[PDB]
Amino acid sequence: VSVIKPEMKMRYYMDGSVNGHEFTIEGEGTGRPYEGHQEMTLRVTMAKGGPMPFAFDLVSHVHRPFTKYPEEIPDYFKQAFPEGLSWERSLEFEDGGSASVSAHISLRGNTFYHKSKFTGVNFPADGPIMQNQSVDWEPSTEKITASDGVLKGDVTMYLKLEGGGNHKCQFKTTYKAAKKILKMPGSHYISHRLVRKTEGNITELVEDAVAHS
């Protein structure tokens, strides 16, 4: 028996809107859960057609089972399966823009089904997000704390901008296993390395994550 194998697949579906622009994201990927690695290709379709009017970084961060966990730290995310895992996240950008996103992750065979709801609001029309001036998120380290059966993630993110420079964004996330987790972990960290390769409305993503400390 092996609920999560060294190699797994992913299918993504998102219903979203940013500054009133409605859109859907669909994609597929493959990854190595125990190695904290994942790769995927995502397609953005605007409700009114046309190019996506915002930088993909706004939604790129939208799959913890794909985190390399040392045997010293219980793996809450993989333990949540096959029952399922859900998470909720708030984003606070330095120029006033903000967003709320929640996702449900289910498992069937060797494939994870990732479905999300994303609503972004108040982004300045001339800011880097709506002007598509950001490039990638800087690598980061998220603080993970346990609380009454769920996990809390806290990380201050920095968006790399084209002309150089950074744009701050605070992430606050709640991770919820579908069923009661036997072994809860103590407080620790998860370092992330998320990079994108974007060609218009299509984007390829790669993320490497490792839990530690």
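All residue numbers are counted from 1 along the displayed sequence.
Novice: Count up the deposited residues without coordinates from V62 to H63 and drop the result into none, 1 to 3, 4 to 9, or 10 or more.
Specialist: Unmodelled stretch: 1 to 3 residues, a short break.
Novice: Going by the B-factors listed in the PDB entry, is the mean over the C-alpha atoms higher for 117 to 125 or for 132 to 140?
Specialist: Looking at the record's C-alpha B-factors, the answer is 132 to 140.
Novice: Comparing 50 to 58 with 161 to 169, which stretch shows the greater average C-alpha B-factor in the deposited entry?
Specialist: According to the PDB entry, the answer is 161 to 169.
Novice: When the CA B-factors of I181, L151, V155, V44 are compared as recorded in the entry, which is the largest?
Specialist: That would be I181, according to the entry.
Novice: Considering only modelled residues of the same chain, in which third does the CA B-factor of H21 rank: lowest, middle or highest?
Specialist: Answer is lowest: the recorded C-alpha B-factor places it there.
Novice: Going by the entry, which third of its chain does the Cα temperature factor of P74 land in?
Specialist: Its C-alpha B-factor belongs to the highest third of this chain's values.
Novice: Within this chain, which third does the Cα B-factor at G84 fall in: lowest, middle or highest?
Specialist: CA B-factor rank for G84: middle third.
Novice: Grab the CA temperature factor for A103 from the record and place it in the lowest, middle or highest third of its chain.
Specialist: Tercile = lowest for this residue's CA B-factor.
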